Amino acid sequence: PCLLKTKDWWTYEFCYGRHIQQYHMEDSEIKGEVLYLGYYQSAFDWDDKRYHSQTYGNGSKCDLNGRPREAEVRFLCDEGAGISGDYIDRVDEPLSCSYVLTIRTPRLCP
């Protein structure tokens, strides 16, 4: 089941191994266009300490440059040691329409 987080205008939906989505909510409905940050492309897992990365590509065309959106996902230790499972921590956008999502998860903790 997909992880969700709202930051200002955009709500972000992370569907692990499928795609990443960005869209606007009003009340509790998706008002408008749904944008794709990217579709699942690759993943690397390392274990025994721990590391996990995924990449997502060919999302919606960027109006700034006409290039598809692209995203990478970092997976880091949930340092709150919480009890609600994984969560979207940050979304960063270091180049127009290129994103780095950071997910926190108890499974990546030492």
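The first residue of the shown sequence is 1; numbering continues from there.
> Quick check on the record: how many residues from the deposited sequence are absent from the model between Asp48 and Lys49 (none, 1 to 3, 4 to 9, 10 or more)?
In the record, 10 or more residues between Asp48 and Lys49 lack coordinates.
> Of the two stretches 25 to 33 and 50 to 58, which shows the higher Cα B-factor on average in the entry?
Going by the record's values, the stretch with the higher mean is 25 to 33.
> Looking at the entry, does 34 to 42 or 73 to 81 show the higher mean C-alpha B-factor?
Looking at the recorded C-alpha B-factors, 34 to 42 comes out higher on average.
> When you compare the CA B-factors of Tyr87, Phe14, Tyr99, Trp9 as listed in the entry, which one comes out on top?
Answer for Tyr87, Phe14, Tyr99, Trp9: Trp9, with the highest C-alpha B-factor.
> Classify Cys2 as lowest, middle or highest third according to the C-alpha B-factor given in the PDB entry, relative to its own chain.
Highest third.
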